[PDB]
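Okay, so here's the structure we're looking at.
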Amino acid sequence: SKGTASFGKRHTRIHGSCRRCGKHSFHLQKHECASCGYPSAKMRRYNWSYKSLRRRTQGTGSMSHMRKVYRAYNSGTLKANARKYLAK
Amino acid sequence: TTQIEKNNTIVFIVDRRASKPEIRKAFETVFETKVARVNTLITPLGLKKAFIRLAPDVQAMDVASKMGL
Amino acid sequence: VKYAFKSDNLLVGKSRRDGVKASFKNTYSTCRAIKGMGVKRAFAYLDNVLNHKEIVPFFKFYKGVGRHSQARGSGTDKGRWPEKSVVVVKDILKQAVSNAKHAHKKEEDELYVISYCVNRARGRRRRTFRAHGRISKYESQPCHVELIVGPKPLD
Amino acid sequence: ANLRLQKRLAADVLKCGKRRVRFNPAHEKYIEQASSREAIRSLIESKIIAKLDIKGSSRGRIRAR
Amino acid sequence: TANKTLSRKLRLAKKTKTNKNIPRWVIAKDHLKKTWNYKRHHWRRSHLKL
RNA sequence: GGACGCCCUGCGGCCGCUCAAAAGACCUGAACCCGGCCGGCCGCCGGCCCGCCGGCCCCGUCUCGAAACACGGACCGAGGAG
RNA sequence: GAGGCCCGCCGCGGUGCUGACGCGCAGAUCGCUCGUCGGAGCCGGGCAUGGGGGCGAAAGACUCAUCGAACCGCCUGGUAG
RNA sequence: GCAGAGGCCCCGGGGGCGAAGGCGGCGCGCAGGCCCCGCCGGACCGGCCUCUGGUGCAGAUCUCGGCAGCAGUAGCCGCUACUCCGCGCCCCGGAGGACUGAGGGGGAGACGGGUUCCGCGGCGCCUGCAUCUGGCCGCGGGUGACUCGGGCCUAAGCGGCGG
RNA sequence: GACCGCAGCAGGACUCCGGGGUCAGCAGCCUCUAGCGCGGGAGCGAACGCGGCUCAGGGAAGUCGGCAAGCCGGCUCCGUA
RNA sequence: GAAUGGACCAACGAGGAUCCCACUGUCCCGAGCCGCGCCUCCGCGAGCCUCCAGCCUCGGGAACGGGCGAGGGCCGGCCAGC
RNA sequence: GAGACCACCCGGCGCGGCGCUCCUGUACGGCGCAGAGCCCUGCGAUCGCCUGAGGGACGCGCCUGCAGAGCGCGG
């Protein structure tokens, strides 16, 4: 009854999917994400686990805009920058 | 194919974002026909499917043949 | 590479089946019995074991096999009637006899079962659920039976 | 072979349970071919498929007591 | 479950849509040798959304 | 990535083929363990033609003292500590 | 036709056999035998209360097989005559 | 003895005319060890001087991998139950004999699962025996609402609010 | 019958609708409808074990202790410290 | 030893005791029976454990040994029980 | 007659009949001048007679029936 018999009464979802992190970490009663931190505007990151930090970070995704803008800085965005720095 | 023959109905996979008013208007312009009732479902694979019942005066088999159904 | 018998031009006929889903211990015993047996006598004997009219003497894996009357003159008091083994050992015997008769122009009477080699094979592994939330192995013990029929009367 | 679909369909057409559906032993082939409610219905007219009586309990002894 | 939400149903339908084996022609094109998707899930042994 | 012939109800066997080689679902292929054949009668050390005689407790370990009815150690391979 | 009344079904408990099991069907189950069965009753869903805190008809019980201080990561390869 | 570094190896050390390694067997050394020979193997390998170390295992309830005896052993003893014939399978069809016994081994929903649903084929996996069976595997499909529910209202509660 | 317990696990898991006979009964025991023969089968009929059954004469002498078993029981009418 | 409540028990109690009637294998003193396991076969098939091994008596010895000293037994392989 | 499996002791087995004997207690059916009564011309639990009947047998004797001794395996 403390063990297998009470495992039979499990038939609810306490954690749903998170809008920001897409993980089964969004508590549905407390309306907060265990990993994402959502609804907070700052993402929830703790230095005690670097493994969690590695799991969701810059570079674990497309990094689209940043990749293109880093490549552009290496090519011709610095010269365009000089024209607006010269300004009027 | 039976639905075209008996219920004057064409079954069409449509954009999920689309609504029954838009699908009636779209079918009516692209196929140049008249639609009476649209009933739709979102499939277990996530794709909306619309059962387009055509107007009684129109014959669905003629609309289907023109499309290639 | 898979055959263990290296006759020097003895005009033998051979067959082998690999990963045979039958017990290694039961098959070993059935093959051992047909050794030194004329091919025609062996086919009848395997058929008698299938009908439970003759016994396969178990000389190497006998812990749990029961003392039986049909094993009276076998040299052992223990034997059993392996059915899934007899079927397999006969099919390989049938292939071996065809191979010898077709290639070496041999005859069923001329042929005798000169050699055999049944070896252990990797077994399918399933899981038995034990008590107190434990899991244990339920693995098969397959064989690699090789049979060679030969013109020699095993002089 | 499996006449499972035929006995499910026939029970639906004869509005009885699969226990009360009774196929003709002679025609195992004719029924095997049927795969549609309509085909089963044609066989039901042919009396190669029939629903049994509800086999209800006798109430004659009860009436006498 | 029969009373699901479209947003739970659409994330579940992706899994049904992608529980597929590598197309045989893909194995031939890439000389893959390993032909098992390994991301395939069987409803009984699996716990999606867990 | 297995020619051809043969026998298969078939599974599959066989003969061989491609190759320098099967290297055949994979380089080399150990030890443990196992099966066929094939000798032998059984551990170590010493003598001798070699199965007889003579000697011979289970190691590591703490410990006054271990064969200990003290503890750890089924077996084997790799890794394993100034 | 009254009752935190009695017998008794389901239900909800869990007494005894110190029965079975004890490499289980089962990390607590099974069979009988039982306590109660209009009530301080039983049951579902939602919600509230959070770790030296909670909640407790009080047994240091219970808090997801964890409770005389939950669990996870870290400090931490803590220190050991 | 090991693994690397800087040198040397008298026409520029040894190697597909066979490297390392594996397996057996000699020799040499008090021994750590070394050498050679046959076989398997199929591209690398050293002797010596100087140099550097993540440098030698029988033990650690040692780690990880394999795996033995036990052992064809313990077991496959909840839910009364199967039988005959027909391709005859535990499949299906007919005939019997029964069981769950309306708080059902019945018909349906909530939740949780997420395709398990259906038809067709299949047995390689699984179906702790079998299988021609299947919730298994391959292929193709399947959920239609002005009236049902969500959505809407408020409940316990929770969030918002110049601050 | 697909949920949750490592599992196609004698465990749990919320409802709705509820036929006939015997019966006070929705109890027990049989049945219509509906469902359907569960990690298999054959023999044999040892010890012993588990689940039962009966036991002559005695009647708790057994045992820590009547543990276990058995007696008792429905209804009607007397009668009741 | 007197609301660290004292005395008092109607009604209650899966509470803890003593006796009586009734009853019965609780026993004297066990016996017979029925299913199912067991057992044998077909098909499937594990665990735990393990230095090595597996007959004793006595002696000495970590004072209680399978191995050691000295005697006495012993084909070898298995099964149902225990 | 012996048994967990084996082993043992036996071997033209066995089957299913017929007798004997034993068990149980008088079969189904027919008949009746039995039957409390009832109301209609029948019903009726039972009862008596046939009937120490019928049914059963694992025990004993017998065969009026099929049967029954390997061309198995060793040697």
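Quick mapping for you: the protein sequence lines, in order, are chains Lk, LY, LQ, LS and LG. All residue numbers for the first sequence refer to the authors' numbering, where the first residue is 2 and numbers rise by one. All residue numbers for the second sequence refer to the authors' numbering, where the first residue is 72 and numbers rise by one. All residue numbers for the third sequence refer to the authors' numbering, where the first residue is 2 and numbers rise by one. All residue numbers for the fourth sequence refer to the authors' numbering, where the first residue is 2 and numbers rise by one. All residue numbers for the fifth sequence refer to the authors' numbering, where the first residue is 2 and numbers rise by one. Beta carbons: idealized from backbone N, C-alpha and C, even for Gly.
Query raised in the report: Who pairs with LS/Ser58 in a beta bridge, going by DSSP?
Result: None, per the DSSP bridge assignment.
Query raised in the report: Just how far apart, CA to CA, sit LY/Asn110 and LG/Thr2?
Result: 22 Å
Query raised in the report: Exposed or buried, which one is LQ/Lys107 when buried takes at least 16 other CB atoms within 10 Å?
Result: buried
Report task. Would you kindly report the start and end of the unbroken beta strand (DSSP E) that includes LQ/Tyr29? Result -> Run containing LQ/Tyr29: none in the beta strand (DSSP E); it sits in the alpha helix (DSSP H), 25 to 34.
Query raised in the report: How do the stretch 76 to 85 of chain Lk and the stretch 124 to 132 of chain LY stand: do at least 3 beta-carbon pairs fall below 8 Å, yes or no?
Result: no
Requested in this report: Report yes or no: is there a C-beta of chain LG within less than 7 Å of the C-beta of LY/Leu116?
Outcome: yes
Query - Secondary structure of LQ/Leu47, DSSP reduced to three states - result: helix
**Report entry** Proximity of LQ/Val13 and LQ/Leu112 at Cβ, strictly below 7 Å
**Finding:** no
Requested in this report: Quick one: grab the DSSP three-state call for LY/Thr104.
Outcome: coil
Requested in this report: Using three-state DSSP, classify LS/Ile41 as helix, strand or coil.
Outcome: helix
Query raised in the report: How about LG/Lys18: is its C-beta nearer than 7 Å to some C-beta of chain Lk?
Result: no
Query raised in the report: Is the shortest distance between the beta-carbon of LG/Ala14 and the beta-carbons of chain LY less than 7 Å?
Result: yes
Query raised in the report: Per DSSP, LQ/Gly80 is paired with what?
Result: LQ/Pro58
Query raised in the report: With respect to the alpha helix (DSSP H) encompassing LG/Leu11, which residues constitute its N-terminal and C-terminal limits?
Result: 7 to 19
Query - CB contact below 7 Å: residue 62 of chain LG versus chain LY - result: Since the first and last residues shown for chain LG are 2 and 51, residue 62 of chain LG lies out of range.
Query raised in the report: Is it buried or exposed for LS/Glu39, if we count other Cβ within 10 angstroms and need 16 for buried?
Result: exposed
Query raised in the report: Which chain LY residues sit within Cβ distance under 7 Å of LG/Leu7?
Result: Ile113
Query raised in the report: Looking only at its own chain, which residues have a Cβ that is under 8 Å from the Cβ of LQ/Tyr117, when we skip the five neighbours before and after it?
Result: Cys32, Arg33, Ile35, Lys36, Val146, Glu147, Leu148, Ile149
**Report entry** Whole-angstrom distance between LS/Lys8 and LG/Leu51, CA atom to CA atom
**Finding:** 41 Å
Requested in this report: Below 7 Å CB to CB, which residues in the same chain sit around LQ/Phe130 once its five sequence neighbours on both sides are set aside?
Outcome: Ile136
Requested in this report: Output, in chain order, the set of chain Lk residues within a Cβ distance shorter than 7 Å of LG/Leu51.
Outcome: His25
Query raised in the report: So what's LG/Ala29 in DSSP terms, helix, strand or just coil?
Result: helix
Query raised in the report: Would you say LG/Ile23 and LG/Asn38 are within 7 Å of each other, going by their C-beta atoms?
Result: yes
Query raised in the report: According to the neighbour-count rule (16 or more other Cβ atoms, all chains shown, within 10 Å of its Cβ), is Lk/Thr5 buried or exposed?
Result: exposed
Query raised in the report: Buried or exposed: where does LQ/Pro143 fall if 16 or more other Cβ atoms within 10 Å of its Cβ makes it buried?
Result: buried
**Report entry** Cβ-based neighbour list, residue 172 of chain LQ, same chain, cut-off 8 Å, excluding 5 preceding and 5 following
**Finding:** It is not possible to answer for residue 172 of chain LQ, since the shown part of chain LQ is limited to 2 through 156.
Query raised in the report: Excluding the five sequence neighbours on either side, which residues of its own chain have a C-beta within less than 7 Å of the C-beta of Lk/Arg20, listed in chain order?
Result: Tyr39
Report task. Closer than 9 Å by beta-carbon distance: list the chain LG residues that pair up with Lk/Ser18, in chain order. Result -> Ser8, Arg9, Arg12, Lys50
Query raised in the report: Taking Cβ positions, are LS/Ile41 and LS/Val14 nearer each other than 7 Å?
Result: yes
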